[PDB]
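See below for the structure under consideration.
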Amino acid sequence: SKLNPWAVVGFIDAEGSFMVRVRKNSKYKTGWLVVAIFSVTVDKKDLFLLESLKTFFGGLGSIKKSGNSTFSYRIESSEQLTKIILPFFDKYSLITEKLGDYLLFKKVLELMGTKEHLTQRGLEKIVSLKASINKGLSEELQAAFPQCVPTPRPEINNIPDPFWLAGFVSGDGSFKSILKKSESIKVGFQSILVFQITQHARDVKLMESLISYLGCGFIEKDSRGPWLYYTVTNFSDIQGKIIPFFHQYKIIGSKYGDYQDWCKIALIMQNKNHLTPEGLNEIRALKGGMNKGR
DNA sequence: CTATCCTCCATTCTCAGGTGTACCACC
DNA sequence: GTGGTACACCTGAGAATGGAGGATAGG
Ligand SMILES: [Ca+2]
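Residues 119 to 275, 278 to 414 (the UniProt record's numbering) are what the first sequence spells out, left to right.
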């Protein structure tokens, strides 16, 4: 599978994690060991992607049981990381707030690169980085380093290439199918199609840009947190804007299968074969086997 | 000592799957 | 006053987030 670059970058922007890890091993010089990882974790169904991803990075890292149903691709070697992973994400930049995480990550590996992690001044610096990464410094660690100061998250700020969006959407996107109980329809149910991209409110500026990017969409915000939902319910737009896009820039992973069954429904709908009881049944079967289950 | 390998979590973050009802069609 | 559609709102399971120790292989 080709799996061009931009789809990868996007897919990571959505699902990827860069971790900098600091652990006390009194067997060291600064009573602390500093590890750096690049991890992707996915369901059993999407194992083929990880292997295609491993391949993509010239067979680097390892794939291994992570959760009860999940598996993890990881490059934990700093030589390897600095050799293959960085030169990539320098050339093909992330555009999400991840870019900030990676950027810090990059600095930690350069420090490691010069052996300045094995020193004291290097450690304090490296901790200042981690402090600005992910959820951030954590419990045990903070209490060990208080006189400290998290490093400023960088000035991040544009969708570089369509395929980014294909990949990105494969990670955090959603091709919903709804069966609504209507009281004013011959068959008792309204058939609906919804395309949905979920994300944290940090990336509000990017999310707003999609609307302009796809010429359609009505982003909104969760009621109970800083979660945004770029959404498309307008069937005519689904028909003429969403489908023809992802048809040309194909979804990578298990989701693609959904997108297909989704399209299948959208035909049953375009033909109006959704207001028949037969058409309804044809849709249910589709509904019931796609996304959840199958 | 230093770096990479390996086998395990727990809690939040996205997914996914509903509505309510305004406005549209119709004529 | 029928037969249909699209926002705007609502609410939860359970995997992704982002970790956690080890035990080693390279010194
Ligand atoms: Ca994600």
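Virtual Cβ for every residue (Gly too), placed ideally from N, Cα, C.
Exercise. Alpha carbon to alpha carbon, how far is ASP219 from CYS336? Give it in angstroms, no decimals.
Key: 30 Å
Quiz prompt | Alpha-carbon spacing of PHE315 relative to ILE363, whole angstroms | solution = 10 Å
Quiz item: Just checking, does the region 304-318 make contact with the region 234-254 on the three C-beta pairs under 8 Å criterion?
Solution: no
Quiz item: Where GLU169 and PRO280 are concerned, what is the direct C-alpha to C-alpha distance, given to the nearest angstrom?
Solution: 25 Å
Quiz prompt | Runs of alpha helix (DSSP H) wholly within the UniProt domain "Homing endonuclease LAGLIDADG" (127-226) (minimum 4 residues, chain order) | solution = 165-174 and 204-209
Quiz item: Do you know offhand how far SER290's Cα is from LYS375's?
Solution: 6 Å
Quiz prompt | Contact set for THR159: own chain, Cβ-Cβ below 6 Å, skip 5 residues either direction | solution = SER184, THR188 and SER190
Self-check item: Alpha-carbon to alpha-carbon, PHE365 and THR148
Solution: 53 Å
Quiz item: So what does DSSP say about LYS301, is it helix, strand or coil?
Solution: strand
Quiz item: Are the Cβ atoms of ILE317 and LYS300 separated by less than 8 Å?
Solution: no
Self-check item: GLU133: CB within 7 Å of a non-hydrogen atom of ligand 1
Solution: yes
Self-check item: Euclidean distance between Cα positions of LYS224 and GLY176
Solution: 20 Å
Quiz item: Of the residues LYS412, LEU285 and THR269, which one's Cα is nearest the Cα of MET327?
Solution: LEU285
Quiz item: CB of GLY345 to nearest heavy atom of ligand 1: below 7 Å?
Solution: no
Quiz prompt | Beta-carbon spacing of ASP131, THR232 below 8 Å | solution = no
Self-check item: Three-way DSSP call (helix, strand, coil) for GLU340 in this model
Solution: strand
Quiz prompt | Top-ranked residue by Cα proximity to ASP323, from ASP164, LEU217 and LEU227 | solution = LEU217
Exercise. Can you tell me which of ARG139, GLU398 and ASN411 puts its alpha carbon nearest to the alpha carbon of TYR379?
Key: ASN411
Quiz prompt | Where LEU348 sits in the DSSP three-state scheme | solution = strand
Quiz item: Taking C-beta to C-beta, are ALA386 and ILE358 nearer than 8 Å?
Solution: yes
Practice problem: Within 10 angstroms of the Cβ of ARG271, are there 16 or more other Cβ atoms? Answer buried if so, exposed if not. | Solution: exposed
Quiz item: Taking 7 Å as the cut-off, is the CB of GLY293 close to at least one heavy atom of ligand 1?
Solution: no
Exercise. Kindly indicate which three-state DSSP category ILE317 falls into: helix, strand or coil?
Key: strand
Quiz item: For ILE312, which beta-bridge partners are listed by DSSP?
Solution: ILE298
Practice problem: Tell me where the alpha helix (DSSP H) around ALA249 begins and ends. | Solution: Taken as a continuous stretch (DSSP letters only), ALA249 belongs to no alpha helix (DSSP H), as it is neither H nor E.
Quiz item: Taking buried to mean at least 16 other C-beta atoms within 10 Å of its own C-beta, is residue 107 buried or exposed?
Solution: Residue 107 lies beyond the stretch modelled for the chain, which goes from 119 to 414, so this question has no answer here.
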